[PDB]
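What follows is a single structure, written as structure tokens, with notes after it.
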There are 2 protein chains.
Amino acid sequence: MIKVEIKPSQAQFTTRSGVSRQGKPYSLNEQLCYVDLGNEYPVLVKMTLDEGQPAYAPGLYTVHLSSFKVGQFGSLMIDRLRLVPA
Amino acid sequence: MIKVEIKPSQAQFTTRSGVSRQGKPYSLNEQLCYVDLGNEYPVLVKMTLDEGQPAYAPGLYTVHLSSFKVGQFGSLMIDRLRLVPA
């Protein structure tokens with residue numbers, strides 16, 4: 001299990017916006033977190049949230065299975081980092 | 001934890017080869033596995049092994065933390081799927 005932490009200072013999201021190739025508007029919400037990759041300190045990681053989802057509250061989390069997919073070359077990839085409470 | 005299975009029929013690797021942009025030879029060893037992504041059956045996934053590593057034997061495995069890295073856009077990515085015995 002991957003340990004992910006939302007610190008008190010990371011409790012909000014920011015929103016970027018634009019227009020798709022054929023005219024549709026979009027909005028993307030982004031939140032930061034710290035992921036422990038076994039180095040001397042956890043590293044800072046950016047997450048794009050799914051539609052209609054609030055920012056995760058401060059606390060400890062692990063990664064949900066729905067974060068993964070098989071890519072176009074047949075290897076495993078992260079689609080979007082999706083979290084569940086630890 | 002991600003459940004990964006090497007079936008008896010997946011106990012070998014194949015090798016692809018070539019030459020890098022500035023002349024160095026390379027060899028890449030590839031092995032197949034089944035990863036349970038919570039659908040009705042596990043899905044087939046291709047793995048590229050690290051240098052000097054044998055094919056994983058048949059059995060159950062989970063994913064090692066060293067499989068992950070922060071990508072060039074600041075989000076988490078899989079570098080190479082690296083396994084440890086379950």
Side-chain angles (χ1 to χ4, degrees), chain A residues 1-7 9-10 12-18 26 28-50 53 55-56 60-86, chain B residues 1-7 9-10 12-18 26 28-50 53 55-56 60-86:
Chain A
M1 298 171 111
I2 299 178
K3 183 192 248 172
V4 182
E5 183 161 15
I6 298 296
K7 284 299 181 188
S9 66
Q10 298 177 314
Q12 242 307 106
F13 61 73
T14 58
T15 300
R16 61 183 294 183
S17 244
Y26 68 85
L28 298 173
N29 304 153
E30 304 184 307
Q31 180 176 17
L32 307 171
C33 64
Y34 284 100
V35 177
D36 190 346
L37 292 187
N39 311 116
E40 273 145 336
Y41 288 103
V43 295
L44 193 72
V45 171
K46 309 175 210 174
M47 305 190 270
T48 302
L49 301 177
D50 289 316
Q53 194 203 6
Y56 298 98
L60 294 183
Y61 298 87
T62 193
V63 179
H64 191 244
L65 241 205
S66 65
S67 304
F68 307 95
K69 62 175 298 178
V70 186
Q72 81 179 329
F73 301 101
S75 53
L76 196 66
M77 286 165 59
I78 287 168
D79 173 28
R80 296 243 263 253
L81 197 67
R82 287 175 178 113
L83 311 179
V84 292
Chain B
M1 298 171 111
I2 299 178
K3 183 192 248 172
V4 182
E5 183 161 15
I6 298 296
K7 284 299 181 188
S9 66
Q10 298 177 314
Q12 242 307 106
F13 61 73
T14 58
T15 300
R16 61 183 294 183
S17 244
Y26 68 85
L28 298 173
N29 304 153
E30 304 184 307
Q31 180 176 17
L32 307 171
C33 64
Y34 284 100
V35 177
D36 190 346
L37 292 187
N39 311 116
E40 273 145 336
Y41 288 103
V43 295
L44 193 72
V45 171
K46 309 175 210 174
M47 305 190 270
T48 302
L49 301 177
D50 289 316
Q53 194 203 6
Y56 298 98
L60 294 183
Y61 298 87
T62 193
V63 179
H64 191 244
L65 241 205
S66 65
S67 304
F68 307 95
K69 62 175 298 178
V70 186
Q72 81 179 329
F73 301 101
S75 53
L76 196 66
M77 286 165 59
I78 287 168
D79 173 28
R80 296 243 263 253
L81 197 67
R82 287 175 178 113
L83 311 179
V84 292

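Reckoned from all heavy atoms, side chains included, excluding hydrogens, waters and symmetry mates. All chains are named by letter (A, B, ...) in the order of the sequence lines, taking the proteins before the strands, and each is independently numbered beginning at 1.
For the pair B:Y34 and B:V43, the minimum side-chain heavy-atom distance is 4.5 Å or more. Within the 4.5 Å cutoff, the side chain of A:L37 has heavy atoms near those of the B:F68 side chain. Here the side chains of B:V35 and B:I2 are in contact, with some heavy-atom distance below 4.5 Å.
The distance from the NZ atom of A:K69 to the CG atom of A:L76 is 11.0 Å, given to the nearest 0.5 Å. Considering CE of B:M47 and CD of B:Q31, their distance stands at 4.5 Å, rounded to 0.5 Å.
Chain A forms the most heavy-atom pairs under 4.5 Å with one residue out of B:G74, B:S66, B:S67, B:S75, and that residue is B:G74.
Using a 4.5 Å cut-off between heavy atoms, B:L32 makes no contact with chain A at all. Both the backbone and the side chain of B:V45 come within contact range of chain A, each with at least one heavy atom under 4.5 Å from a heavy atom of that chain.
Under 4.0 Å is where a charged nitrogen must lie from a carboxylate oxygen, and between A:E5 and A:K7 at least one such pair does.
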Exercise for the section: Under the side chain to side chain contact (heavy atoms under 4.5 Å, CB included) rule, what do A:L28 and A:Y26 come out as? Steps first, then yes or no, please. Expected result: CA-CA 7 Å; A:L28 298 173; A:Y26 68 85; 3.9 Å; yes
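Residues of residues 79-86 of chain A lying under 4.5 angstrom from chain B, judged on non-hydrogen atoms, are A:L81 in numerical order.
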